Structure formats: C-alpha cells, structure tokens
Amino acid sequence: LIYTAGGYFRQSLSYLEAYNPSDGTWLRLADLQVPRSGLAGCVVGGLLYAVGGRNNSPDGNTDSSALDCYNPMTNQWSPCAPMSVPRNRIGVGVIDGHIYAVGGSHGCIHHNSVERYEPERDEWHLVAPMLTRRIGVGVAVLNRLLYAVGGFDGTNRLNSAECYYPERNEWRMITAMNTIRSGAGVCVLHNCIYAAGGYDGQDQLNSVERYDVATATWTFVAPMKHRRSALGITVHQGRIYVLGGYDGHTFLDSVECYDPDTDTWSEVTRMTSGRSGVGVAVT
C-alpha cells in the first residue's frame, strides 16, 4: 500500500494513512509522534521511516532533526537517533538499505550538507556536501547513484541536478532539467528520474519531465491535470501516484495516477483531506 505521513493543513499533522489502489480504500493508522510537514518518507526493510521536516503549530515552528520508524505489523512508531541538523523540506534516498538525508532548512540556513543513516546500527554520519544549497529538493536513486534535483537555495529556484557517487563520496553536476522546480515530486519509474510539478517562484506547475541517464537528456511527458507543489509522490505497480500539495490557492486532496504506456494521467481518488508537504512511501 501507499502510505502518507505528516503533512500540513492549517498546521502540521500527525496523520498516517494508507491507500490501496485496487480497492480505492483508505486506512487510518498510528499517529506520528511529533506533528510534521515538509518531511520525507522512505521504506527500508519493509519498515517506514519519517525524516526531517518541522512542527508548524499555533505555538511554534520547530525544524526537526528527528527520524522515526513505523512498523506495519505492530502499528507502532519508535524514535531513531536524530540527524546532525534540523532539515525542513528535506529530500531522502535509499541506497543499499541506507537512508541519505539531503539538504533542507533550519531557520534561514539552507543546507548543502548530506548525511547517511545506518538502520542496523542506528547511527547518522555526514558524507560529502552538495555543490548547491537545496531545500525542497527532490531525491532519487538510480543504479545505486543518488540524484538531488531542483529545490531552492534561498534566492533562486533550481533546475539543476547533481549526482552523488557513493563509492567515491563526491557530487557531480549533471544536465539541468528543462524546468525550474522546487518542491516537485521526484521518483524513479522505468529507468528515468521523473520530476512532477513543483513551484518556480511564479506558478505551481503541472508539467512533468524525466531524465534518461544513458543519453543524459530530460524529456517532457504528459502533464498532470492539476498544478501542484509540495506534493507527495511514489510509484505503485509501475505507475506514478501524486498526493496532495498546494496549488497556490488550495490544499489539494487530488490523487493523480500516471500510466507510462499511454502517457496519461487520471485522478484515482481523493485523500481524506487536502494537505501539503507529506512524506510518502510504499509497503
């Protein structure tokens, strides 16, 4: 199932919900410990992790360095060791069962820093920083390489992307996307990095493009039906799902599904309520 964690609607949320794309059902599960929006989710060894974000509430706006683990057969959250710094609007990738925490903000500070989490040893350790300061960065894993895509450095919204080589611990800039995208949804489908939606400093976007490593080229595909940034994204059974986000006026509960063989999007459900900035993953 497609799990959605945290998010934001009037305040940061503790929601944990699961969508089943064959029966159209939604399942409510254990509330997050601390409310969170601007976080990212990943699944490592079946379990579900929530990384970074912040608690934007009527009484505070605390950037989070927390990492927390949800077990789908115990329905329980348990805290894991925190990161070195708070990471609001973070991006995460999983290479070889390790969690890479990328970018994000703490207050005014936009991080280029990156750190790796070891689930068998409950430790965080820094790795090499990015070339660029990125918040709202989209992360993907392709051929056990890590891609940081788009985002916001504090001044400019970014179409650039850079690649992290784990066995060399270095970052190389690559071909920039066609579109500037901060808070896009970024994932891997077929063997292309997909970049869906986002914000460019003027408008939310409904366009979608994908990166092919072999040719080092970005090419557009069918646009979503609804402009959105700060969306959740995941691929379930060779199809792309995008969840919620903000269209500049509304918090979307729209869930669109992209079929790569017809290059078609279509709305497959509504979340229980519109929200932005969730973390998403599948298990």
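Note that residue numbering follows the sequence shown and begins at 1.
Stretches compared: 173-181, 108-116. Higher mean C-alpha B-factor in the entry: 108-116. In this entry, the higher average B-factor at the C-alpha atoms falls on 79-87, of the pair 79-87 and 151-159. Residues shown: 200, 209, 212, 96. Highest C-alpha temperature factor in the entry: 96. Going by the entry's values, 46 shows the largest Cα B-factor out of 46, 248, 53, 232. When the modelled residues of the chain are ordered by their C-alpha B factor, residue 191 lands in the middle third. In the PDB entry, residue 62 places in the lowest third of its chain by CA B-factor.
Among all modelled residues in this chain, the alpha-carbon of residue 11 has a temperature factor (C-alpha) in the lowest third. In the deposited entry, the Cα temperature factor of residue 137 sits in the bottom third of values across the chain's modelled residues. Annotation for residue 101: CA B-factor lies in the middle third of the chain's modelled residues.
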